[PDB]
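Participant:
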Amino acid sequence: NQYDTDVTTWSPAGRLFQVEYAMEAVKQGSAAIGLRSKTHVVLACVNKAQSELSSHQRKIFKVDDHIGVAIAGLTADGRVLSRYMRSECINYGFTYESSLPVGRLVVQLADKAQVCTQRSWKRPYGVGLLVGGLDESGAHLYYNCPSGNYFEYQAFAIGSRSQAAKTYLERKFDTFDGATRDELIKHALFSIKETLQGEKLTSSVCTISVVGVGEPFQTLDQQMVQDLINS
Amino acid sequence: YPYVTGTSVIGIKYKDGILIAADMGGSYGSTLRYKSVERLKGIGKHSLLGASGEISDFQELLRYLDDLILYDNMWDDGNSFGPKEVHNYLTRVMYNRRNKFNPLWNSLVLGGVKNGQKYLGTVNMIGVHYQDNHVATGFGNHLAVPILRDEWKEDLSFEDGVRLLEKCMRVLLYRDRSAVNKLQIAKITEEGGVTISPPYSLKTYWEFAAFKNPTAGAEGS
Numbered sequence: 004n005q006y007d008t009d010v011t012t013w014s015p016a017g018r019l020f021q022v023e024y025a026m027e028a029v030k031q032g033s034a035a036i037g038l039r040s041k042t043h044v045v046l047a048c049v050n051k052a053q054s055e056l057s058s059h060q061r062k063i064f065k066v067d068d069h070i071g072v073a074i075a076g077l078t079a080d081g082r083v084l085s086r087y088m089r090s091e092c093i094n095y096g097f098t099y100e101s102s103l104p105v106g107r108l109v110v111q112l113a114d115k116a117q118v119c120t121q122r123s124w125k126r127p128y129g130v131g132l133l134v135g136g137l138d139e140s141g142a143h144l145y146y147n148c149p150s151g152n153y154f155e156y157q158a159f160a161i162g163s164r165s166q167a168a169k170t171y172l173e174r175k176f177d178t179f180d181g182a183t184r185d186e187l188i189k190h191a192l193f194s195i196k197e198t199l200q201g202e203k204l205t206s207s208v209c210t211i212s213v214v215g216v217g218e219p220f221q222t223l224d225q226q227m228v229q230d231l232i233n234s
Numbered sequence: 019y020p021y022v023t024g025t026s027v028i029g030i031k032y033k034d035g036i037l038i039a040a041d042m043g044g045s046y047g048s049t050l051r052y053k054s055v056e057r058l059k060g061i062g063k064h065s066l067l068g069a070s071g072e073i074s075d076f077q078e079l080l081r082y083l084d085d086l087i088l089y090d091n092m093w094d095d096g097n098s099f100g101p102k103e104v105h106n107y108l109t110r111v112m113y114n115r116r117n118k119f120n121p122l123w124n125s126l127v128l129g130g131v132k133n134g135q136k137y138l139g140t141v142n143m144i145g146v147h148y149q150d151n152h153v154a155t156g157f158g159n160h161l162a163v164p165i166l167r168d169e170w171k172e173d174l175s176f177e178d179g180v181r182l183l184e185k186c187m188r189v190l191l192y193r194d195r196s197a198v199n200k201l202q203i204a205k206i207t208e209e210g211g212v213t214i215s216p217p218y219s220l221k222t223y224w225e226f227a228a229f230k231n232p233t234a235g236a237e238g239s
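Protein chains in written order, with the entry's author numbering: chain G, 4 to 234; chain g, 19 to 239.
#1: Terminal residues of the continuous alpha helix (DSSP H) containing G:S85?
#2: Relative to the alpha-carbon of g:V163, which residue among g:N117, g:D173, g:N151 has its alpha-carbon at the smallest distance?
#3: Going along chain G, which residues have a C-beta under 8 Å from g:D173?
#4: If you reduce the DSSP assignment to three classes, tell me which class G:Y171 lands in.
#5: Between the region 125 to 144 of chain g and chain G, which residues of the former have CB atoms less than 7 Å from a CB of the latter, in chain order?
#6: Residues of chain g with CB closer than 8 Å to the CB of G:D138, please, in chain order.
#7: Please confirm if g:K102 has its CB atom under 8 Å from at least one CB of chain G.
#8: If we define contact as Cβ-Cβ less than 8 Å, is g:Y148 a contact residue for chain A?
#9: If you compare alpha carbons, which of G:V216, G:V29, G:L223, G:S234 is closest to G:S102?
#10: Does chain G have any CB closer than 8 Å to the CB of g:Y89?
#11: Taking only beta-carbon atoms, is g:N106 less than 8 Å away from chain G?
#12: Determine the direct distance from the alpha carbon of G:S40 to that of G:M26, and round the result to whole angstroms.
#13: Taking the straight line between their C-alpha atoms, what separation do you get for G:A47 and G:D7?
#14: Would you say G:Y6 reaches chain g, if we count a Cβ-Cβ gap shorter than 8 Å as a contact?
#15: Closest by CA to g:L108, which one among g:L66, g:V180, g:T233, g:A39?
#16: Measure the alpha-carbon distance for g:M143 versus g:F157 and round it to whole angstroms.
#17: List, in chain order, every chain g residue whose beta-carbon is nearer than 9 Å to that of G:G106.
#18: State the DSSP-derived secondary structure class of g:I73, mapped to helix, strand or coil.
#19: Roughly how many whole angstroms lie between the Cα atoms of g:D34 and g:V189?
#20: To be precise: take each residue of the region 53 to 75 of chain G, compare its Cβ to all Cβ atoms of chain g, and keep it if any distance is under 8 Å. Which residues remain?
#21: Could you check how far apart the C-beta atoms of g:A154 and g:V27 are, in whole angstroms? I think they sit under 8 Å.
#22: DSSP state of g:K33, grouped into three classes?
#23: Any idea which residues DSSP pairs G:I211 with across the strands?
#24: Using a Cβ-Cβ distance cut-off of 8 Å, determine whether g:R57 contacts chain G.
#25: State yes or no: is the beta carbon of G:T198 nearer than 8 Å to at least one beta carbon in chain g?
#26: Starting from G:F64 and walking both ways along the beta strand (DSSP E), at which residues does that stretch end?
#27: Please state whether DSSP places G:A52 in a helix, a strand or coil.
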């Protein structure tokens, strides 16, 4: 395919095959879940237990007191973007001494991914983010995509075997609107259970994080998550 | 060097809002070249600032703030800069331009009310800044903060606020030699927005017997 091998060449169908492939990178990576309420946004990640010897790597990144991330895809590009968002929020705080809204940070991030998508000699970042934080209008959940498009969701699952999580969230996202923090966490555990092919309910496989209107971003501990699944 | 410079810009946080006053004079050395230079402006929805010092630099700060506020508005995501963020941006720009040894020669008084939290603060030509109930710049920092401190009250009315602020501004007009009798009071409130008083001049008193006759005699004085 002559149009496949470069970012700048539109195919006759109007498709950027390189960006489509960069979006294939995330669909191949480990799964991440995200879901929100009027005030809370829960970011989880079914982080695999591949071997009795290996451990996983940190995927859900804090960015500010009020914004969290959950990368998916090439972990290095995710680390670069998370570093960028962290520095951006810190600059905003330095200048205006206030929290950078999520809705603006996500748009800046999407512009970064796009400007990579446009120039030759570059590549689309190849990592998709679930970003969720705070804003005067409450708490929002966003999905940045390598193509420069971005979206706002009630709940979204990306990465490998997400259809199992999406088909569940489809049948429960409608109650999240006003649901209390713990209801979101329980829903997220159920979602992770669905995508868990082994169907084994253990605290080691999945990580959870929560950020709310008065709850700074924090990652639930192994013992606490184990306690919830025990319920 | 400062070429066309203005003078004091006093500030007084009053009940339900904020008031700022500043004469309409721009002086050139000793001459008053200009007497109708509106030196108070409204910034964004929630703010209001006056400036003293070089008037070219102030007009530039207005361009900076107008771009800032327009870019802020075009988002339409439902959050905007209150007085706090605007004042912090002003402090940052003033300090940064001091670091270049190319200062904005102005002293900024910025205040406003957002979400029921009313803010008032100041910035110097070299980044010195503080937020207070009542602020002033230039001679308003000598001849007006004494009287403001003496008489300011927690729940000052609007009329009491105007009368205090005119007391201060008149005291300046008596003894500044840089001040013109024209002047404006700016009112900012929640859900009313900024409202700038039309220019006017204050009555002044001179008929004291000691003034009419320094010393005292039928011939001398």
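We treat Cβ as the ideally placed atom computed from N, Cα and C, and that holds for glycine.
Facilitator: Reading it off the structure:
#1: 78 to 99
#2: g:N151
#3: Chain G residues near g:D173: none, gap ~28 Å exceeds 8 Å.
#4: helix
#5: none
#6: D95, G96, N97
#7: Closer than 8 Å: yes.
#8: This model lacks chain A altogether, as its protein chains are G and g.
#9: G:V216
#10: no
#11: yes
#12: 27 Å
#13: 34 Å
#14: At a cut-off of 8 Å between beta carbons, G:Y6 makes no contact with chain g.
#15: g:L66
#16: 15 Å
#17: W93, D95, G96, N97
#18: When DSSP states are grouped into helix, strand and coil, g:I73 belongs to the helix group.
#19: 26 Å
#20: none
#21: Contact flag correct, Cβ pair sits at about 7 Å.
#22: Per DSSP, reduced to three states, the secondary structure at g:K33 is coil, with no helix or strand assignment.
#23: G:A47
#24: Taking Cβ atoms only, chain G never reaches closer than 8 Å to g:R57, which makes this a no.
#25: no
#26: Here the beta strand (DSSP E) through G:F64 covers 63 to 67.
#27: In the three-state reduction of the DSSP assignment, G:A52 falls in the coil class.
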